[PDB]
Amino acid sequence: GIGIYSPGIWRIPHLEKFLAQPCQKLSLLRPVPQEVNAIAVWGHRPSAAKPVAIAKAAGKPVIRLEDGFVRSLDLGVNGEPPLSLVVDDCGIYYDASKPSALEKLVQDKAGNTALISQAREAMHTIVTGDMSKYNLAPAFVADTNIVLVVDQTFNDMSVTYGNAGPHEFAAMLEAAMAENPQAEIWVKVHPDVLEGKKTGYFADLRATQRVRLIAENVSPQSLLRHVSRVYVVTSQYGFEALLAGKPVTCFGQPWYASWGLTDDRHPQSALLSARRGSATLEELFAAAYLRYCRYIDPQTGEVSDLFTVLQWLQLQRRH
């Protein structure tokens, strides 16, 4: 079956329902058993490197896991288990350097066309139901040329493997201010940073003149309703802004950039766009949320689907 080296992965409740194959615990100090057909690791976490090297030396395929795009109520850093995982047998969605399984699913346009009705339905529920990767934050309350600038957690692997770093956050903020000289600039702090368990790229930024720091945990769709445009490096927020109908400028190379839907500023955007080609928003959504992500039922733990997870999350949110 699938070999697992990381105790953290092994402890994910209902892991075998996400992987849809039996899983077995392996030792880094013993040969890979013959019955193991693939090895699973978590993204590019440092713990992945040695299992990946073993897999390659043993001729076994590598599967990289990560959290789903609609994951849970509370944050991962707070211990809440995931209701959704991505399962990538090629790379990982946030690594722009080569195709990922997600990239290939987006490029399979016929497969995505078959899911247009499901995609439209789920997109509508996510936007109008105010859902996101995490789902405990209250709705934002406003009181209007507003430009949203999205911070991330320092050294997020989606930044590093998306060909970005501190420089792109500085360039992004400078561009937002220079390109919108009369707007209010809202810098949104990431919730893991608000929880105190991480630091953000704008940690040293002084709230100043036209720049307001949004240091509150609020649901993205509710906040996006009040902004005119969104600047990101690689945050999932950028895709959520596309769902909300807002223009998105991208300074890194996230999974949703370079398809023709974003104002891409990264110096390699032309090269990534040549590899990816074009895709529509509904194609990207179907590939990412309906084909790439896998779900369990929040009440039974059995294999499930996005619609059931959305239905349950909106239950919990009505309070």
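All residue numbers refer to positions in the sequence shown, first residue = 1.
Where coordinates are absent for parts of the deposited sequence, a chain break appears; between neighbours residue 143 and residue 144 it spans 4 to 9 residues. Stretches compared: 236-244, 126-134. Higher mean C-alpha B-factor in the entry: 126-134.
Stretch comparison (270-278 versus 50-58) by mean CA B-factor in the PDB entry places 50-58 on top. For the set 75, 157, 87, 83, the PDB entry puts the maximum C-alpha B factor at 75. When the Cα B-factors of 150, 116, 205, 96 are read from the PDB record, 205 comes out highest. In the PDB entry, a CA B factor belonging to the lowest third of its chain's modelled residues is recorded for residue 166. Ranked by Cα temperature factor within the chain, residue 29 sits in the middle third according to the deposited record. When all modelled residues of the chain are sorted by CA temperature factor, residue 184 is found within the highest third.
Among the modelled residues of its chain, residue 121 has a C-alpha B-factor that falls in the middle third, as given in the PDB entry. The entry lists a Cα temperature factor for residue 173 that places it in the middle third of the chain's modelled residues.
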